[PDB]
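A.B. asks:
In the entry's author numbering, the protein residues as written are 1 to 73, 75 to 85.
1. Round the Cβ separation of residue 52 and residue 17 to the nearest angstrom and send it over; I've been treating them as touching at under 8 Å.
2. Assuming residue 64 and residue 33 make a contact with CB atoms under 8 Å, what is their CB distance in whole Å?
3. Alpha carbon to alpha carbon, how far is residue 24 from residue 61?
4. With 16 other CB atoms within 10 Å as the buried threshold, where does residue 50 fall?
5. Specify, as a first and last residue, the run of the beta strand (DSSP E) that residue 27 falls within.
6. So the beta strand (DSSP E) residue 51 belongs to, where does it begin and stop?
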C-alpha cells in the first residue's frame with residue numbers, strides 16, 4: 001500500500017500532506033505539536049497537487065509528531082514521522 005508524504009511550509013503554516021498510489025478514499029492525520037494533546041483530523045483533498053492535506057496555523061517553528069491512517073479502498078497506519 002505505497003504512499004508518499006511530507007510537510008510543506010508557506011509563511012509560518014505547515015501543511016501535512018499524504019499522496020496515495022493505491023485506491024485511497026479518505027486519510028486522517030494524528031499529530032502532536034510540541035508534545036501537546038494528540039489531534040485527530042480528517043484531511044482535505046487538494047486536487048491541484050493530487051494529495052490529501054491538513055494545514056496547521058503558525059507551526060513552522062514548532063516540532064510535530066504525526067502519523068496517518070488511510071484506507072486501501075479496512076484501514077492502515079503509517080509509521081510516525083517528525084516535522085522538525
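The beta-carbon is built from N, C-alpha and C at its ideal position, and this holds for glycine as well.
C.D. replies: With the given structure in hand:
1. Sequence index remark: in the chain shown, residue 52 carries index 52 (1-based). Sequence index remark: in the chain shown, residue 17 carries index 17 (1-based). At roughly 7 Å, the Cβ-Cβ gap stays under 8 Å, so residue 52 and residue 17 are in contact.
2. The residue given as residue 64 occupies position 64 in the chain shown. The residue given as residue 33 occupies position 33 in the chain shown. Rounded, the Cβ-Cβ distance is 5 Å, consistent with contact.
3. Numbered from its first residue, the chain shown carries residue 24 at position 24. Numbered from its first residue, the chain shown carries residue 61 at position 61. Going from the Cα of residue 24 to the Cα of residue 61 covers about 31 Å.
4. Translated into positions along the chain shown, residue 50 becomes position 50. Flag for residue 50 reads exposed.
5. In the chain shown, residue 27 corresponds to position 27, counting from 1. 27-33 is the extent of the beta strand (DSSP E) around residue 27.
6. Stepping through the chain shown from its first residue, residue 51 is reached at position 51. Start and end: 51-56.
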